[PDB]
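In PDB author numbering, the protein residues as written are 163 to 256.
Positions of the beta carbon are idealized from the N, C-alpha and C atoms, including for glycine.
As structure tokens, then:
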């Protein structure tokens, strides 16, 4: 188990049609950053690297992801001294 690292959570594994469940908003517990994903890796799949709060991390994207796609990481935003929240990675097609 790797608590101080990033998972394959990208698509937002939701039993629903499409969900993410964003939180920690307003009080700066949440975090937004971009992730640069190639179009072939966005459509087919592949791991891409994201510079986050913690540092360089490993983010495997879904085989349908699109420009603007919010890859929700839950409890992976700002730290507990700041107030623990969640972090989103906005897919940029390149």
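- Sequence-distant partners of residue 247 (beyond 5 residues in either direction) whose C-beta falls short of 6 Å from its own C-beta, in its chain, are 186, 191, 192, 239 and 240.
- Separation of the CB atoms of residue 203 and residue 223 is rounded to 6 Å, and the pair is thereby assigned contact status at 8 Å.
- Listed as beta-bridge partners of residue 206 by DSSP are no residues whatsoever.
- Between residue 221 and residue 172 the beta-carbon gap is near 6 Å, inside 8 Å, which marks them as a contact.
- In the DSSP assignment, residue 229 falls outside any beta strand (DSSP E) and carries neither an H nor an E.
- Listed in chain order, the non-local C-beta contacts of residue 232 below 7 Å within the same chain comprise 182, 250 and 252, local neighbours out to five positions each way being set aside.
- Of the residues 215, 227 and 214, the one whose Cα lies closest to the Cα of residue 208 is 227.
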